[PDB]
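Residues 1 to 130 in the authors' numbering are what the sequence shown spells out, letter by letter.
Backbone N, C-alpha and C fix where the C-beta goes; we use that ideal spot for every residue, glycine too.
Report on the structure given below.
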Amino acid sequence: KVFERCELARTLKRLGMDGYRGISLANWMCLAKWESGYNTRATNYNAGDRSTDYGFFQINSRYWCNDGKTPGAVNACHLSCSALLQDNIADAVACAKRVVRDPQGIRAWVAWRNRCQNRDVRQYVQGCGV
Numbered sequence: 001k002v003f004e005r006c007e008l009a010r011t012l013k014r015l016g017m018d019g020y021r022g023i024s025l026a027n028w029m030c031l032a033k034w035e036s037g038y039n040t041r042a043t044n045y046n047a048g049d050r051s052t053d054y055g056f057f058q059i060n061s062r063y064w065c066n067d068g069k070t071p072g073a074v075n076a077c078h079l080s081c082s083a084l085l086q087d088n089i090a091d092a093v094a095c096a097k098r099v100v101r102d103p104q105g106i107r108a109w110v111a112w113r114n115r116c117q118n119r120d121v122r123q124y125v126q127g128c129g130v
C-alpha cells in the first residue's frame, strides 16, 4: 500500500507515534518518506551482511525481524519480516517503537541522519491537521 502523506500522518498519530520518546510526528514522516516513499511493500537487500530491509520504515532483518534467511539474525521485534510488508501498519509501528527504545534512538536509520536530522521537516505534516 502506498499511503498518501496526511493519511499516514493521521494513522501514525492514532498509534501513538507523535512525540514517542521525544520523536516528533514530522520526523517519523521524514524517515518514512526517504525510506520508502510511503510504500509498505518496499524492500532493499544488503549484500554486505546478507540482510534485507522491509516496509515503509525499512526495518532490517539482521536485528529486528526474522525473514529466515539472514545469518546471525536476532528477532528483537519478535515478528516475521513478512508482517512488515502488510497494508496494516500496526506491527511496523510497534517494531519501530522498539528500534527507538535503544540508546541510539532514531539515529539507527542512516537516511534519517542524512535527510532529516537538524533540518526543517515541517513540510511533512503541514496541512494534515495533526
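Exposed or buried, residue i, counting other C-beta atoms within 10 Å across all chains shown (16 or more means buried)?
{"i": "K33", "result": "buried"}
{"i": "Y45", "result": "exposed"}
For residue i, which residues in the same chain have their Cβ closer than 6 angstroms to its Cβ, ignoring the five residues on either side in sequence?
{"i": "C6", "result": "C128"}
{"i": "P71", "result": "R50"}
{"i": "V99", "result": "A108"}
On the three-state DSSP scale, how would you describe residue i?
{"i": "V93", "result": "helix"}
{"i": "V2", "result": "strand"}
{"i": "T52", "result": "strand"}
{"i": "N75", "result": "coil"}
{"i": "residue 131", "result": "The question about residue 131 has no answer, for the chain in this structure spans 1 to 130."}
{"i": "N88", "result": "coil"}
{"i": "residue 131", "result": "Because the chain is modelled from 1 through 130, residue 131 falls outside the range shown and cannot be assessed."}
{"i": "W109", "result": "coil"}
Thinking residue i and residue j are a contact (beta carbons under 8 angstroms), I'd like their distance in whole angstroms, please.
{"i": "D87", "j": "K13", "result": "Actually they do not touch by this definition, with Cβ atoms about 18 angstroms apart."}
{"i": "residue 179", "j": "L84", "result": "Only positions 1 to 130 of the chain appear in this structure, which leaves residue 179 out of reach."}
{"i": "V93", "j": "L8", "result": "That pair is no contact at about 11 angstroms."}
From the DSSP output, which residues share a beta bridge with residue i?
{"i": "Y20", "result": "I23"}
{"i": "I59", "result": "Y54"}
{"i": "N66", "result": "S80"}
Which same chain residues, not among the five before or five after residue i, have their C-beta less than 7 angstroms away from its C-beta?
{"i": "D120", "result": "none"}
Any beta-carbon of chain D closer than 8 angstroms to the one on residue i?
{"i": "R14", "result": "No chain D is present in this structure, which holds just one protein chain."}
Could you name the residues of the same chain whose beta carbon sits closer than 8 angstroms to that of residue i, not counting the 5 residues immediately before and after it, in chain order?
{"i": "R107", "result": "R113, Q117"}
{"i": "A111", "result": "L31, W34, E35, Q58"}
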